[PDB]
Each structure stands twice: as structure tokens, then as C-alpha cells.
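By convention in this document, chain letters (A, B, ...) are assigned in the order of the sequence lines, proteins followed by strands, and residues within each chain are numbered from 1. No hydrogens, no waters, no symmetry mates; every other heavy atom, side chains included, goes into these values.
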Amino acid sequence: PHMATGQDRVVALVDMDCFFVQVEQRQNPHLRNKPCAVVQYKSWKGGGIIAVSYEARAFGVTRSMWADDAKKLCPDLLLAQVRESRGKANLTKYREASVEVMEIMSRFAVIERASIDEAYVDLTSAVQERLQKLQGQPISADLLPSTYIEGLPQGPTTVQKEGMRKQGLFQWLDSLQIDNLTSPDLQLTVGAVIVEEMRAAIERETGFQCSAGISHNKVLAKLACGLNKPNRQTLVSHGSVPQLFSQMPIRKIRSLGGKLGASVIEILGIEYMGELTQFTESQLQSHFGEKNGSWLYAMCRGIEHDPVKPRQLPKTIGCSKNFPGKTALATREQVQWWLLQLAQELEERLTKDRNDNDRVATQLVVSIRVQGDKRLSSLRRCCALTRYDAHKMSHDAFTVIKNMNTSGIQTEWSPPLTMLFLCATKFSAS
DNA sequence: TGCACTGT
DNA sequence: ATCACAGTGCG
Ligand SMILES: Nc1ncnc2c1ncn2[C@H]1C[C@H](O)[C@@H](COP(=O)(O)NP(=O)(O)OP(=O)(O)O)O1
Ligand SMILES: [Mg+2]
Ligand SMILES: [Mg+2]
């Protein structure tokens, strides 16, 4: 009677299907419905792949592949390459396309921009509004034309995917308690209806397709989204969690894909998320800390309270470039010119941001990597950002890293710099 | 504050 | 020779 079940919210996670590919496919119809990928640069092995159409994924093409190697799996692979500006890749087209989608989503509910192509949605309020709009009318299956119900169909009493989807949807609806407006299952269902409408508005108004997950928290919504990609949405009810987690690898839950998740596996000697239920909260806290332990004890039961943050804009605006192998920057003149290229794109983006969103960045973060450093960043320094001036930002950034040159020869730079990073942070209203 | 960690 | 980003938590 007093055991909480984590069914107080309706949360959704929307994620664009092969987003960068869709952006290029909208612009160039010749790429539509083909095996294609978006590539970065072209000189080193045809460029690095950062996005792959589902037609190409069937040949085994993946993100991070070199295009020359992808061509070995998919000889007819088509390629759109990222725009290059001031010597570097420039992602403006995709950031702007992202804004298109985010603004549409914001018409239905407050969203948390989680990445360039996905956003969390708190639908608890909209669900209640819709629950009263209908005078206890049953939810027709025609309002959920692309929804999957995780765990269904099941039980006693065809062999195509869409047939299965309908089967599971019918079982779900036929047992829904439509008279109880407080039923969590009914609230998820209404949430799914709204997400159907949200995804329809996105495709109508931008041409982009997406998938979504609907559940009671962000981790389940995220996990649900990926169960039936692309162009489908999945509803993960509280009751579906025991079976879903019983065979769910720990690394699949958000925040457990790295070192922490591996230590959970190595220390506890378990494989699946569900196995965590057999440990006490104090046990999990003793191994992984007070916060992580409490989070794991609740999460393996499908409970999580991370709120959907009202944040439609990114908190930072950054610009970087790697200088691999022999292209490392070994002269103060080289560092001077590239710091200026970055500063110029940053000024461009910062001026636009200030005009569009009534805010100004107040701190400039400068980071570099040094050739041979095992880590991806070696130094991070911040300085005041008093003016949107590329030459000042680039001059200041040089000043804050300058002390890092171990070459008495003023013109030389050692060790060579393999990365430059400028980031505008600490925004204030303007 | 600077970095490790986690993610797209 | 992945690369270009972006958010969170620790001491
Ligand atoms: N490591 C990386 N480097 C550069 N760009 C990247 C990247 N990872 C992602 N992007 C860019 C490229 C992506 O288009 C976009 C969204 O990332 P996802 O949602 O993780 N992958 P997608 O949406 O393409 O396919 P689907 O969602 O259907 O699985 O961010
Ligand atoms: Mg995506
Ligand atoms: Mg995504």
C-alpha cells in the first residue's frame, strides 16, 4: 500500500531516424530510399561515416566506418558529405534542421533537448487534458497506427510484423480500464495517442520520420524508443518491466553503457538488469556509492525520478577540430591560424544565438590535446568572454594555452597539438 | 574550477 | 587518422 511504483508521470523520448541522412535526403531527392550515408571529409579513406540509412545498414554499414570500407560492404552506397567551412566540418544544416523539429515538439508539451536529434517530453499534463476531453470514450486502435505494446501479444490464442503489432495492440486495448482516469496504463495509452499526433505533425511539416518511446520515466522511454526502430513508437508499461529486464543486458540502460555498468557486472556477477532486484539498497550503495546505489535499486524495478528539464536550447556552443598524425600543429603560426578559424565559426554561431534567443555567453573555454596524450583532452582553461569578436576570442585562447609550449624557440610548438576546442558557456539573459 | 564519464 | 560535438557529477 505504501510501496511506490514510479507511475506518476507520462514521459516520451522522440529520436529522429538516421537524422543527418534524412536531412540530406530531403535536400537531394536522388538519395531517397537508397543505401546512403553522411560522411565527414573525403581524403582519409573516403571520409568517416557519421550517419547511415537503414537501407545501407542492411549491408552492415555502421557509424565510424571509413567510406572506402563501407563501399566494400555496399558497392552502391551513396554519400552526402558534411559542409566544410574555414578548413573544418560545419554542422549548421543539422542544427537548423534540429530546431525545426524541436519547435514543433514544443507545441504539444515542454521538451528537454537531449541531443541534436532527440528530446524528452513530459506528457503528464497533456494526458490529463485529453483524458477529460473524451467523455469516457474508449481508445480506438486507429488512433495508435504505429504503436507497439512491449510484451504483447502473449498467452493462448499472424506471421508478419504488422500482424503481430495489431495482435498485441488489441490485447492491450481490450483489457484497458477506461473508466479509471487515474490508471497508469490508460495514461500511457493516451500519451501514445499524443505522440502519434506529434510524430505526424513532425513528418507533415518537415518530411522527417522518427521513433518514440512512451513510459513513466526517461530511462524506460529511451529504452522503449529503440525497441522498434525506425518509424515506430513503443509503449513500455510498468507491468512489462519484469519480463523486459529479465533478459536485458545491463549496458542497454542509459548511464550503464560504460565503466559503471561494467563494474556492476564484474562485482555482482550478473548479466541482466532484472538480476539487480535481488540486492538491497544498502548493498548497491556499498559497491557503487550512495547516489548510484539508490538509483540502481529503483531502476531495476522500473522506477526513476530524473525530471524532464524545461530546456529547448543547448547550454553551450562549441567548436573543435582534430589534427591527427602528421597534421599536428607544430608551429605557433599554425595554432594561431586555426584558433582563428574556430573563433570565426564560433562568432558566427554566437551572434546568431544572441539574436535568436536573447542571451549572451560570458565564458570562453579553451581545450587542447597534445600529441601522445592517451586521453582525448589534455588541458581545459577558461577566460572571460566579453565580446563576440573572433580575433579577441582567438587571441585570448592563445594566451591561455601559450604557457603549454615547451619550445624555447618562440616559433616552434612542442609537443604538437592534435586538437583545438573553443566553447562558449555561462549564458545570461540579454 | 578542471577533469572523468557518458552519450549522440 | 574517428570526428564533432553536448550534459552531468566529483573532489
Ligand atoms: N559519434 C558521432 N559523431 C558525429 N556525429 C554523430 C555521432 N553520433 C551521432 N551523430 C549525429 C549523426 C546522427 O544522424 C545524429 C543522431 O544520432 P543517433 O540518433 O545516435 N543516430 P541516427 O539518428 O543517425 O540513426 P537512428 O537514430 O535511426 O539510430 O547525430
Ligand atoms: Mg537518431
Ligand atoms: Mg538520437
Legend entry - Nucleotide range of DNA chain B lying under 4.0 Å from chain A heavy atoms: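 Listing 5' to 3', DNA chain B meets chain A from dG2(B) to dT8(B).
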Would you please confirm or rule out a distance under 4.0 Å between OP1 or OP2 of [N] and any side-chain N or O of [X]?
| X | N | answer |
| --- | --- | --- |
| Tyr41(A) | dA4(C) | yes |
| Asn322(A) | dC3(C) | yes |
| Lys88(A) | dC5(C) | yes |
| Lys315(A) | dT8(C) | yes |
| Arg95(A) | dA6(C) | yes |

Remember a base hit wins even if backbone is also touched, and classify [X] as base, sugar-phosphate or nothing at under 4.0 Å, heavy atoms.
| X | result |
| --- | --- |
| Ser64(A) | base |
| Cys382(A) | sugar-phosphate |
| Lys45(A) | nothing |
| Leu342(A) | nothing |
| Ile116(A) | nothing |
| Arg251(A) | nothing |

For a quick check under 3.5 Å, do [X] and [Y] share a side-chain donor-acceptor pair by atom type?
| X | Y | answer |
| --- | --- | --- |
| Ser146(A) | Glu196(A) | yes |
| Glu304(A) | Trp295(A) | yes |
| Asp17(A) | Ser211(A) | yes |
| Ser367(A) | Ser377(A) | yes |
| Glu290(A) | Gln285(A) | no |

Legend entry - Test side-chain contact (heavy atoms from CB on, under 4.5 Å) applied to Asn228(A) and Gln233(A), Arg165(A), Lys161(A), the passing residue: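 Running side-chain contact (heavy atoms from CB on, under 4.5 Å) over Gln233(A), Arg165(A), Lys161(A) with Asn228(A) returns exactly one hit, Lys161(A).
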To the nearest Å, give me how far apart [atom1] ([X]) and [atom2] ([N]) are.
| X | N | atom1 | atom2 | answer |
| --- | --- | --- | --- | --- |
| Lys93(A) | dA4(C) | NZ | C1' | 16 Å |
| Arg369(A) | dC3(C) | CZ | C1' | 11 Å |
| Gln341(A) | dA4(C) | CD | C1' | 17 Å |
| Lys309(A) | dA6(C) | NZ | P | 18 Å |
| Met65(A) | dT2(C) | CE | P | 14 Å |
| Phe421(A) | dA4(C) | CZ | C1' | 9 Å |
| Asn90(A) | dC5(C) | CG | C1' | 12 Å |
| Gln40(A) | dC5(C) | CD | P | 8 Å |

Inset, instruction - With a 4.0 Å heavy-atom cut-off, tell me which residues in residues 256-270 of chain A come close to DNA chain B, sorted by residue number. - result: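 Residues of residues 256-270 of chain A under 4.0 Å from DNA chain B: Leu256(A), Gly257(A), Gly258(A), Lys259(A), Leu260(A).
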Legend entry - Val360(A) side chain reached by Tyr388(A) side chain, heavy atoms, under 4.5 Å: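 Sidechains of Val360(A) and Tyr388(A): in contact.
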Inset, instruction - Return the minimal non-hydrogen interatomic distance between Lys88(A) and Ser320(A), and the atom names on each side. - result: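 Between these two residues, the closest heavy atoms are CE-O, 3.1 Å.
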Inset, instruction - Report the distance from atom CG of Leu329(A) to atom CG of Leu417(A), rounding to the nearest 0.5 Å. - result: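 The CG atom of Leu329(A) sits 5.5 Å away from the CG atom of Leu417(A).
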Inset, instruction - When you get a sec, tell me which of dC3(C), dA4(C), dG7(C) is the closest nucleotide to the side chain of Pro324(A)? - result: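 Selected nucleotide: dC3(C).
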Legend entry - Over-ring placement of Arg57(A) relative to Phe59(A), 6.0 Å and 45° cut-offs: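 No, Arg57(A) and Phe59(A) do not form such a contact.
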Legend entry - Most 5' of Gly48(A) and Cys423(A) on DNA chain C, judged by nearest nucleotide: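 Closer to the 5' end of DNA chain C: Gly48(A).
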Inset, instruction - Report yes if the distance between the aromatic ring centroids of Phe19(A) and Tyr94(A) is under 6.0 Å, otherwise no. - result: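 When the ring centroids of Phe19(A) and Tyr94(A) are compared, they turn out to be at least 6.0 Å apart.
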